[PDB]
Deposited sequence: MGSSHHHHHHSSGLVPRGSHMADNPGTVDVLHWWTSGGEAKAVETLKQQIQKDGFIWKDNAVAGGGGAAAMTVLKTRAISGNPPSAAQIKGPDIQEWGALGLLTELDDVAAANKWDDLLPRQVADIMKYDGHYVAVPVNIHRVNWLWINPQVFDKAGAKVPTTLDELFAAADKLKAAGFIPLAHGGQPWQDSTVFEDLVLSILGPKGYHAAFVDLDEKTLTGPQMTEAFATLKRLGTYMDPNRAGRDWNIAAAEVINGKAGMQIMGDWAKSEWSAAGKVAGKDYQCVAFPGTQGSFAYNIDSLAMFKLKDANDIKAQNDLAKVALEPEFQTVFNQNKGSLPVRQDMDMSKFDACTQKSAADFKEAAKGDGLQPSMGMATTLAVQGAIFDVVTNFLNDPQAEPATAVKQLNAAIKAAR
């Protein structure tokens, strides 16, 4: 036909086009047709279109949104392409499991972000006599010292997802991997209303006190800029924030440092993006689909897509010297975490959009209220999470 690949995705950026193009050019070269329809409003009509027999060949669906679409029977089993390309050998076990439904590949993963980073301006630290933290006590001690030296201690933007990034970090730090998993994967009631979650909010509140009150609306890349430009000391963010650093022409260690969010050493909170493959009717369109799935997990796209963006590739067998120094620390930390309970889904991997919304809402509401009681915030957390489920 020669068969058509229609991919619904949100990879809008110029850096992400380089990779998408490498995909297109190879599909064409393999004798198939390319077509895309790239929407925007990042964060996530496809349903109505797939529940009515006009799906795209592929769509961007991260988190649990895969199990739901699988369970509807709308996705296609990729046993053949998996088998031909030794997918089980290439993927970390926990990653492969996220991509399966009834033991069958239904989606191909394309990246691994780490959520639990702190980004550090080593020039700002030296001029402030500040010490790169490894504990929460030390994170505050650095914050004080930066303020005392007349820097913005924490660069932080006014969007709910960013408030909860910082929250989920604190949950991980205080509760450790197991408790984090109890809270965001199992939505365990005792955990979400317990003393340590309460401590996570108390610590959130306390981080609040060092944040700019005129942050409302502000994007993560503006907060990163305050760090890049030598005006702030730190930002707590996932490793997408490297893009901002790259685009400014920085390096690894010479301009910034990446450390694990204090107290989360040992753990890797992953954030994994993916293309779920729909059940199609045309044989040629299947062959195209299977090609897109193969190539999305080949070295060429796995390198370009994750490069100039900050995430790790999901393939285990990569030439990592192709990446920056922070991605190499991220690759090392991944493996350590992977030996045990340390590897956990970020909150964004770990629940439904409705539950996220509930948490985002509780967190921002409590962080935007200087009188808010942590003892109260855990009841709000739990009650909202119950209601969204």
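- Of the deposited sequence, the ranges 1-23, 68-72 have no C-alpha coordinates according to the record.
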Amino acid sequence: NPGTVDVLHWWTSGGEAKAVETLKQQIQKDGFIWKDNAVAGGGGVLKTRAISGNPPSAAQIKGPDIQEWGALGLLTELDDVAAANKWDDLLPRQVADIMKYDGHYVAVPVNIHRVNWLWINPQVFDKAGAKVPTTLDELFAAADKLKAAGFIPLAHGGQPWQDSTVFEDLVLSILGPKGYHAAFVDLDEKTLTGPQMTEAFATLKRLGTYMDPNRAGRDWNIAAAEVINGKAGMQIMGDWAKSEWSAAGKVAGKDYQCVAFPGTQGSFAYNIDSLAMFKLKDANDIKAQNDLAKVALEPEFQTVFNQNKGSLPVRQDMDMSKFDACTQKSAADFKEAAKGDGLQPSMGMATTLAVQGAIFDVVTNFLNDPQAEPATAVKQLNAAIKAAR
From here on, numbers count along this sequence of modelled residues.
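- The mean Cα B-factor in the deposited entry runs higher for 302-310 than for the other of 232-240 and 302-310.
- Taking the PDB entry as given, 314-322 carries the higher mean Cα B factor of the two stretches 314-322 and 118-126.
- Per the deposited record, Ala50 carries the highest C-alpha B-factor of all listed residues (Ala50, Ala337, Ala358, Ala331).
- When the Cα B-factors of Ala260, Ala200, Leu154, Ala96 are read from the PDB record, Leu154 comes out highest.
- When the CA B factors of the chain's modelled residues are split into thirds, the value for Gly266 lands in the lowest one.
- Among all modelled residues in its chain, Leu367 ranks in the middle third by Cα B-factor.
- Among the modelled residues of its chain, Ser246 has a C-alpha B-factor that falls in the highest third according to the deposited record.
- Among all modelled residues in this chain, the alpha-carbon of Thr351 has a temperature factor (C-alpha) in the middle third.
- When the modelled residues of the chain are ordered by their C-alpha B factor, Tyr180 lands in the middle third.
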